[PDB]
$ cat input.txt   # compact mmCIF, N, CA and C atoms
# COMPACT_ATOMS: atom_id res chain seq x y z
N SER A 116 9.92 25.75 -3.17
CA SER A 116 10.58 24.57 -2.61
C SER A 116 9.91 24.13 -1.32
N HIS A 117 9.54 25.10 -0.47
CA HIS A 117 8.79 24.76 0.74
C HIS A 117 7.44 24.16 0.40
N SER A 118 6.73 24.76 -0.56
CA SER A 118 5.39 24.29 -0.90
C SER A 118 5.43 22.87 -1.45
N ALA A 119 6.41 22.56 -2.30
CA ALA A 119 6.53 21.21 -2.84
C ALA A 119 6.82 20.20 -1.74
N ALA A 120 7.70 20.56 -0.80
CA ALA A 120 8.06 19.62 0.26
C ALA A 120 6.93 19.44 1.26
N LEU A 121 6.30 20.54 1.69
CA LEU A 121 5.20 20.43 2.64
C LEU A 121 4.02 19.66 2.05
N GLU A 122 3.71 19.90 0.78
CA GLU A 122 2.65 19.14 0.12
C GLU A 122 3.03 17.66 0.03
N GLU A 123 4.29 17.37 -0.29
CA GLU A 123 4.74 15.98 -0.34
C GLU A 123 4.65 15.32 1.03
N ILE A 124 5.05 16.04 2.08
CA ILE A 124 4.90 15.51 3.44
C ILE A 124 3.43 15.33 3.77
N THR A 125 2.57 16.24 3.30
CA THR A 125 1.14 16.13 3.55
C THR A 125 0.57 14.86 2.93
N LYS A 126 1.01 14.52 1.71
CA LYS A 126 0.57 13.27 1.09
C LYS A 126 1.02 12.06 1.90
N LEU A 127 2.25 12.10 2.42
CA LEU A 127 2.73 10.99 3.24
C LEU A 127 1.90 10.86 4.52
N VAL A 128 1.53 11.99 5.13
CA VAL A 128 0.71 11.93 6.34
C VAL A 128 -0.68 11.39 6.02
N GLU A 129 -1.24 11.78 4.87
CA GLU A 129 -2.54 11.22 4.48
C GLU A 129 -2.45 9.72 4.23
N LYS A 130 -1.36 9.27 3.60
CA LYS A 130 -1.17 7.83 3.41
C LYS A 130 -1.04 7.11 4.75
N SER A 131 -0.33 7.71 5.70
CA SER A 131 -0.22 7.12 7.03
C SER A 131 -1.59 7.04 7.70
N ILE A 132 -2.40 8.09 7.57
CA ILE A 132 -3.74 8.07 8.14
C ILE A 132 -4.58 6.96 7.51
N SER A 133 -4.50 6.82 6.18
CA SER A 133 -5.28 5.80 5.50
C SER A 133 -4.85 4.39 5.91
N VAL A 134 -3.54 4.15 6.01
CA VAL A 134 -3.09 2.83 6.43
C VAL A 134 -3.47 2.58 7.89
N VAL A 135 -3.48 3.62 8.72
CA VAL A 135 -3.95 3.45 10.10
C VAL A 135 -5.43 3.09 10.11
N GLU A 136 -6.23 3.71 9.24
CA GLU A 136 -7.66 3.41 9.19
C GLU A 136 -7.90 1.97 8.75
N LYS A 137 -7.23 1.52 7.69
CA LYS A 137 -7.42 0.13 7.29
C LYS A 137 -6.86 -0.82 8.34
N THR A 138 -5.81 -0.42 9.05
CA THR A 138 -5.25 -1.24 10.12
C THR A 138 -6.26 -1.43 11.25
N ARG A 139 -6.90 -0.34 11.68
CA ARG A 139 -7.86 -0.46 12.77
C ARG A 139 -9.10 -1.22 12.33
N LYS A 140 -9.53 -1.03 11.07
CA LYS A 140 -10.64 -1.82 10.56
C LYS A 140 -10.31 -3.31 10.55
N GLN A 141 -9.10 -3.65 10.08
CA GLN A 141 -8.69 -5.05 10.03
C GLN A 141 -8.59 -5.66 11.42
N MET A 142 -8.03 -4.91 12.38
CA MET A 142 -7.89 -5.49 13.71
C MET A 142 -9.23 -5.55 14.44
N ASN A 143 -10.16 -4.65 14.13
CA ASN A 143 -11.51 -4.77 14.67
C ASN A 143 -12.22 -6.00 14.12
N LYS A 144 -12.07 -6.25 12.81
CA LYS A 144 -12.63 -7.47 12.24
C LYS A 144 -11.99 -8.70 12.87
N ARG A 145 -10.68 -8.65 13.12
CA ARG A 145 -10.00 -9.75 13.78
C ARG A 145 -10.47 -9.93 15.22
N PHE A 146 -10.78 -8.83 15.90
CA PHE A 146 -11.35 -8.91 17.25
C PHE A 146 -12.72 -9.58 17.22
N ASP A 147 -13.56 -9.22 16.25
CA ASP A 147 -14.83 -9.91 16.10
C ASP A 147 -14.61 -11.40 15.84
N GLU A 148 -13.62 -11.73 15.01
CA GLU A 148 -13.32 -13.12 14.73
C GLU A 148 -12.88 -13.87 15.98
N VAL A 149 -12.02 -13.25 16.80
CA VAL A 149 -11.53 -13.95 17.98
C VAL A 149 -12.62 -14.07 19.05
N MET A 150 -13.49 -13.07 19.17
CA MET A 150 -14.63 -13.21 20.07
C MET A 150 -15.57 -14.31 19.60
N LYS A 151 -15.80 -14.40 18.29
CA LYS A 151 -16.61 -15.49 17.75
C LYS A 151 -15.97 -16.84 18.03
N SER B 116 18.43 25.08 7.26
CA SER B 116 17.80 24.47 8.43
C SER B 116 16.45 23.86 8.08
N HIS B 117 15.67 24.55 7.24
CA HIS B 117 14.37 24.03 6.84
C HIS B 117 14.52 22.77 6.00
N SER B 118 15.38 22.81 4.98
CA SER B 118 15.55 21.65 4.10
C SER B 118 16.06 20.44 4.88
N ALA B 119 16.98 20.66 5.82
CA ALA B 119 17.39 19.59 6.71
C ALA B 119 16.22 19.11 7.56
N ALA B 120 15.39 20.04 8.03
CA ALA B 120 14.20 19.66 8.79
C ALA B 120 13.13 19.07 7.87
N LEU B 121 13.01 19.59 6.65
CA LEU B 121 12.00 19.08 5.72
C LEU B 121 12.23 17.61 5.40
N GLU B 122 13.49 17.23 5.16
CA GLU B 122 13.79 15.81 4.99
C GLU B 122 13.75 15.07 6.32
N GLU B 123 14.00 15.78 7.42
CA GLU B 123 13.88 15.15 8.74
C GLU B 123 12.44 14.76 9.02
N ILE B 124 11.49 15.64 8.72
CA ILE B 124 10.08 15.29 8.86
C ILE B 124 9.72 14.15 7.91
N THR B 125 10.20 14.22 6.67
CA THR B 125 9.89 13.18 5.69
C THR B 125 10.44 11.83 6.12
N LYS B 126 11.69 11.79 6.59
CA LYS B 126 12.27 10.52 7.00
C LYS B 126 11.58 9.97 8.24
N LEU B 127 11.20 10.86 9.17
CA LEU B 127 10.46 10.41 10.35
C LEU B 127 9.10 9.84 9.97
N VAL B 128 8.40 10.48 9.03
CA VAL B 128 7.10 9.97 8.60
C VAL B 128 7.25 8.62 7.91
N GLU B 129 8.25 8.48 7.03
CA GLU B 129 8.38 7.21 6.31
C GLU B 129 8.83 6.09 7.24
N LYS B 130 9.69 6.40 8.22
CA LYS B 130 10.08 5.37 9.17
C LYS B 130 8.92 5.01 10.10
N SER B 131 8.07 5.98 10.44
CA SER B 131 6.86 5.66 11.20
C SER B 131 5.93 4.76 10.40
N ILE B 132 5.80 5.03 9.10
CA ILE B 132 4.98 4.18 8.24
C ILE B 132 5.56 2.77 8.18
N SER B 133 6.88 2.65 8.05
CA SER B 133 7.51 1.33 8.03
C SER B 133 7.30 0.60 9.35
N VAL B 134 7.39 1.32 10.47
CA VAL B 134 7.13 0.71 11.78
C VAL B 134 5.68 0.25 11.86
N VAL B 135 4.75 1.04 11.30
CA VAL B 135 3.34 0.64 11.29
C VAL B 135 3.15 -0.63 10.48
N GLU B 136 3.80 -0.72 9.32
CA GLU B 136 3.68 -1.93 8.50
C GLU B 136 4.27 -3.15 9.22
N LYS B 137 5.44 -2.98 9.84
CA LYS B 137 6.02 -4.08 10.60
C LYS B 137 5.10 -4.50 11.74
N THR B 138 4.53 -3.52 12.45
CA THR B 138 3.64 -3.82 13.56
C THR B 138 2.40 -4.57 13.10
N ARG B 139 1.79 -4.13 11.99
CA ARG B 139 0.58 -4.80 11.53
C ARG B 139 0.89 -6.21 11.04
N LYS B 140 2.01 -6.40 10.35
CA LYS B 140 2.38 -7.74 9.91
C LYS B 140 2.60 -8.66 11.11
N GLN B 141 3.37 -8.20 12.10
CA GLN B 141 3.65 -9.06 13.25
C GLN B 141 2.39 -9.33 14.06
N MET B 142 1.49 -8.35 14.18
CA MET B 142 0.30 -8.63 14.97
C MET B 142 -0.67 -9.52 14.21
N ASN B 143 -0.72 -9.43 12.88
CA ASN B 143 -1.54 -10.39 12.14
C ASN B 143 -1.00 -11.80 12.31
N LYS B 144 0.32 -11.96 12.26
CA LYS B 144 0.91 -13.27 12.54
C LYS B 144 0.57 -13.73 13.95
N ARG B 145 0.57 -12.81 14.91
CA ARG B 145 0.33 -13.20 16.30
C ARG B 145 -1.15 -13.44 16.58
N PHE B 146 -2.06 -12.75 15.89
CA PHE B 146 -3.47 -13.17 15.91
C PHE B 146 -3.63 -14.56 15.32
N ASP B 147 -2.93 -14.86 14.23
CA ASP B 147 -2.97 -16.22 13.70
C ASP B 147 -2.51 -17.22 14.76
N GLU B 148 -1.44 -16.87 15.49
CA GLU B 148 -1.04 -17.63 16.67
C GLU B 148 -2.20 -17.79 17.65
N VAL B 149 -2.96 -16.71 17.87
CA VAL B 149 -4.06 -16.74 18.83
C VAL B 149 -5.13 -17.73 18.39
N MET B 150 -5.55 -17.66 17.12
CA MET B 150 -6.58 -18.59 16.66
C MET B 150 -6.09 -20.03 16.67
N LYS B 151 -4.84 -20.28 16.29
CA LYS B 151 -4.40 -21.68 16.32
C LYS B 151 -4.27 -22.18 17.75
$ encode --input "input.txt" --output "structure tokens"
Amino acid sequence: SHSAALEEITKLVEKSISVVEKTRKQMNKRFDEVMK
Amino acid sequence: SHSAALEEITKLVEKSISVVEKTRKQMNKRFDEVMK
């Protein structure tokens, strides 16, 4: 039960990391756009 | 205590993800404000 929950939480943390990565990529592209 | 904490970590992670989505949506709208 612990292993299933911790692994499930681990997937959620990986999803959060991935959405943070695409978020920073998008806002960096937007920063390039606003500087342009 | 663990299962209460296990869902506590899960709910905190999912609410953090929701806050991240709200933040990115609002800042994209506000960058659109910036360009206009």
$ interface_residues --input "input.txt" --of "chain B" --to "chain A" --cutoff "8 Å" --atoms "all atoms listed in the file" --output "ChimeraX atom specification"
/B:121-122,124-125,128-129,131-132,135,139,146,149-150
$ atom_distance --input "input.txt" --atom1 "atom N of residue 144 in chain B" --atom2 "atom N of residue 137 in chain A"
16.1 Å
$ calpha_fit_and_write --input "input.txt" --fixed "chain B" --moving "chain A" --output "tab-separated table (two decimals) with N, CA and C atoms, in the coordinates of the input"
chain	number	residue	atom	x	y	z
A	116	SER	N	17.61	25.70	5.48
A	116	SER	CA	17.26	25.25	6.82
A	116	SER	C	15.90	24.56	6.84
A	117	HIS	N	14.94	25.12	6.09
A	117	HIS	CA	13.64	24.45	5.97
A	117	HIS	C	13.77	23.11	5.28
A	118	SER	N	14.55	23.06	4.19
A	118	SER	CA	14.68	21.82	3.43
A	118	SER	C	15.32	20.72	4.26
A	119	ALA	N	16.35	21.06	5.04
A	119	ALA	CA	17.00	20.07	5.90
A	119	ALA	C	16.04	19.55	6.96
A	120	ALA	N	15.25	20.44	7.55
A	120	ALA	CA	14.34	20.02	8.62
A	120	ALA	C	13.17	19.22	8.07
A	121	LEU	N	12.56	19.69	6.97
A	121	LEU	CA	11.44	18.96	6.39
A	121	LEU	C	11.86	17.58	5.89
A	122	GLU	N	13.03	17.48	5.28
A	122	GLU	CA	13.55	16.18	4.85
A	122	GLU	C	13.80	15.29	6.06
A	123	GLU	N	14.36	15.85	7.13
A	123	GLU	CA	14.59	15.07	8.35
A	123	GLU	C	13.27	14.59	8.95
A	124	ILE	N	12.26	15.46	8.98
A	124	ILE	CA	10.94	15.04	9.45
A	124	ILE	C	10.37	13.99	8.52
A	125	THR	N	10.61	14.10	7.21
A	125	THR	CA	10.12	13.12	6.26
A	125	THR	C	10.72	11.75	6.53
A	126	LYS	N	12.01	11.69	6.86
A	126	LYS	CA	12.63	10.41	7.21
A	126	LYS	C	12.00	9.82	8.47
A	127	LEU	N	11.71	10.67	9.46
A	127	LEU	CA	11.06	10.18	10.67
A	127	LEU	C	9.67	9.63	10.37
A	128	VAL	N	8.93	10.29	9.48
A	128	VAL	CA	7.60	9.80	9.12
A	128	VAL	C	7.70	8.48	8.37
A	129	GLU	N	8.70	8.35	7.49
A	129	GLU	CA	8.89	7.06	6.81
A	129	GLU	C	9.26	5.95	7.79
A	130	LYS	N	10.10	6.27	8.78
A	130	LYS	CA	10.42	5.27	9.80
A	130	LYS	C	9.18	4.89	10.60
A	131	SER	N	8.33	5.86	10.92
A	131	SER	CA	7.09	5.56	11.62
A	131	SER	C	6.19	4.66	10.77
A	132	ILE	N	6.10	4.94	9.47
A	132	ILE	CA	5.31	4.11	8.58
A	132	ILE	C	5.85	2.68	8.55
A	133	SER	N	7.18	2.54	8.46
A	133	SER	CA	7.78	1.22	8.40
A	133	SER	C	7.55	0.44	9.70
A	134	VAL	N	7.71	1.10	10.85
A	134	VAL	CA	7.47	0.40	12.10
A	134	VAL	C	5.98	0.05	12.24
A	135	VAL	N	5.09	0.90	11.72
A	135	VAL	CA	3.67	0.55	11.73
A	135	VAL	C	3.42	-0.67	10.85
A	136	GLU	N	4.09	-0.76	9.70
A	136	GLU	CA	3.90	-1.91	8.81
A	136	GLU	C	4.39	-3.19	9.47
A	137	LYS	N	5.58	-3.17	10.07
A	137	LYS	CA	6.04	-4.39	10.74
A	137	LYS	C	5.17	-4.69	11.96
A	138	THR	N	4.64	-3.67	12.61
A	138	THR	CA	3.74	-3.88	13.75
A	138	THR	C	2.47	-4.60	13.32
A	139	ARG	N	1.85	-4.14	12.22
A	139	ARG	CA	0.62	-4.78	11.78
A	139	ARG	C	0.89	-6.18	11.26
A	140	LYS	N	2.03	-6.39	10.59
A	140	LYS	CA	2.39	-7.74	10.17
A	140	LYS	C	2.56	-8.67	11.36
A	141	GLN	N	3.26	-8.19	12.40
A	141	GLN	CA	3.48	-9.00	13.59
A	141	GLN	C	2.18	-9.32	14.31
A	142	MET	N	1.28	-8.33	14.42
A	142	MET	CA	0.04	-8.60	15.14
A	142	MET	C	-0.91	-9.46	14.30
A	143	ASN	N	-0.83	-9.38	12.98
A	143	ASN	CA	-1.59	-10.30	12.14
A	143	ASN	C	-1.09	-11.73	12.30
A	144	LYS	N	0.24	-11.91	12.33
A	144	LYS	CA	0.78	-13.24	12.59
A	144	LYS	C	0.36	-13.73	13.96
A	145	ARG	N	0.35	-12.84	14.96
A	145	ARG	CA	-0.10	-13.21	16.29
A	145	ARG	C	-1.59	-13.56	16.31
A	146	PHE	N	-2.39	-12.87	15.50
A	146	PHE	CA	-3.81	-13.22	15.37
A	146	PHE	C	-3.98	-14.61	14.77
A	147	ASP	N	-3.20	-14.93	13.73
A	147	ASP	CA	-3.23	-16.28	13.20
A	147	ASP	C	-2.83	-17.30	14.26
A	148	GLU	N	-1.82	-16.97	15.07
A	148	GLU	CA	-1.39	-17.86	16.13
A	148	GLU	C	-2.49	-18.08	17.16
A	149	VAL	N	-3.18	-17.00	17.56
A	149	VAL	CA	-4.21	-17.15	18.58
A	149	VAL	C	-5.44	-17.87	18.04
A	150	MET	N	-5.78	-17.66	16.77
A	150	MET	CA	-6.86	-18.44	16.17
A	150	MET	C	-6.49	-19.91	16.08
A	151	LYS	N	-5.24	-20.21	15.73
A	151	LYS	CA	-4.78	-21.59	15.72
A	151	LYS	C	-4.84	-22.20	17.11
$ atom_distance --input "input.txt" --atom1 "atom N of residue 133 in chain B" --atom2 "CA of residue 126 in chain A"
14.2 Å
$ atom_distance --input "input.txt" --atom1 "CA of residue 136 in chain B" --atom2 "atom C of residue 119 in chain B"
24.5 Å
$ build_atoms --input "input.txt" --residues "range 120-131 of chain A" --atoms "N, CA, C and O atoms" --output "PDB file, in the coordinates of the input"
ATOM      1  N   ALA A 120       7.700  20.560  -0.800  1.00  0.00           N
ATOM      2  CA  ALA A 120       8.060  19.620   0.260  1.00  0.00           C
ATOM      3  C   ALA A 120       6.930  19.440   1.260  1.00  0.00           C
ATOM      4  O   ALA A 120       6.611  18.305   1.645  1.00  0.00           O
ATOM      5  N   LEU A 121       6.300  20.540   1.690  1.00  0.00           N
ATOM      6  CA  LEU A 121       5.200  20.430   2.640  1.00  0.00           C
ATOM      7  C   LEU A 121       4.020  19.660   2.050  1.00  0.00           C
ATOM      8  O   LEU A 121       3.396  18.845   2.742  1.00  0.00           O
ATOM      9  N   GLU A 122       3.710  19.900   0.780  1.00  0.00           N
ATOM     10  CA  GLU A 122       2.650  19.140   0.120  1.00  0.00           C
ATOM     11  C   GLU A 122       3.030  17.660   0.030  1.00  0.00           C
ATOM     12  O   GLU A 122       2.182  16.786   0.249  1.00  0.00           O
ATOM     13  N   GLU A 123       4.290  17.370  -0.290  1.00  0.00           N
ATOM     14  CA  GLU A 123       4.740  15.980  -0.340  1.00  0.00           C
ATOM     15  C   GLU A 123       4.650  15.320   1.030  1.00  0.00           C
ATOM     16  O   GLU A 123       4.223  14.167   1.140  1.00  0.00           O
ATOM     17  N   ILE A 124       5.050  16.040   2.080  1.00  0.00           N
ATOM     18  CA  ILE A 124       4.900  15.510   3.440  1.00  0.00           C
ATOM     19  C   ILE A 124       3.430  15.330   3.770  1.00  0.00           C
ATOM     20  O   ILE A 124       3.043  14.368   4.454  1.00  0.00           O
ATOM     21  N   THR A 125       2.570  16.240   3.300  1.00  0.00           N
ATOM     22  CA  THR A 125       1.140  16.130   3.550  1.00  0.00           C
ATOM     23  C   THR A 125       0.570  14.860   2.930  1.00  0.00           C
ATOM     24  O   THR A 125      -0.256  14.172   3.544  1.00  0.00           O
ATOM     25  N   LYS A 126       1.010  14.520   1.710  1.00  0.00           N
ATOM     26  CA  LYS A 126       0.570  13.270   1.090  1.00  0.00           C
ATOM     27  C   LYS A 126       1.020  12.060   1.900  1.00  0.00           C
ATOM     28  O   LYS A 126       0.262  11.100   2.060  1.00  0.00           O
ATOM     29  N   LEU A 127       2.250  12.100   2.420  1.00  0.00           N
ATOM     30  CA  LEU A 127       2.730  10.990   3.240  1.00  0.00           C
ATOM     31  C   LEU A 127       1.900  10.860   4.520  1.00  0.00           C
ATOM     32  O   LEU A 127       1.599   9.743   4.955  1.00  0.00           O
ATOM     33  N   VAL A 128       1.530  11.990   5.130  1.00  0.00           N
ATOM     34  CA  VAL A 128       0.710  11.930   6.340  1.00  0.00           C
ATOM     35  C   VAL A 128      -0.680  11.390   6.020  1.00  0.00           C
ATOM     36  O   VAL A 128      -1.245  10.617   6.800  1.00  0.00           O
ATOM     37  N   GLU A 129      -1.240  11.780   4.870  1.00  0.00           N
ATOM     38  CA  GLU A 129      -2.540  11.220   4.480  1.00  0.00           C
ATOM     39  C   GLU A 129      -2.450   9.720   4.230  1.00  0.00           C
ATOM     40  O   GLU A 129      -3.361   8.970   4.593  1.00  0.00           O
ATOM     41  N   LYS A 130      -1.360   9.270   3.600  1.00  0.00           N
ATOM     42  CA  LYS A 130      -1.170   7.830   3.410  1.00  0.00           C
ATOM     43  C   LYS A 130      -1.040   7.110   4.750  1.00  0.00           C
ATOM     44  O   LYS A 130      -1.589   6.018   4.924  1.00  0.00           O
ATOM     45  N   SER A 131      -0.330   7.710   5.700  1.00  0.00           N
ATOM     46  CA  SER A 131      -0.220   7.120   7.030  1.00  0.00           C
ATOM     47  C   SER A 131      -1.590   7.040   7.700  1.00  0.00           C
ATOM     48  O   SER A 131      -1.914   6.030   8.337  1.00  0.00           O
TER      49      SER A 131
END
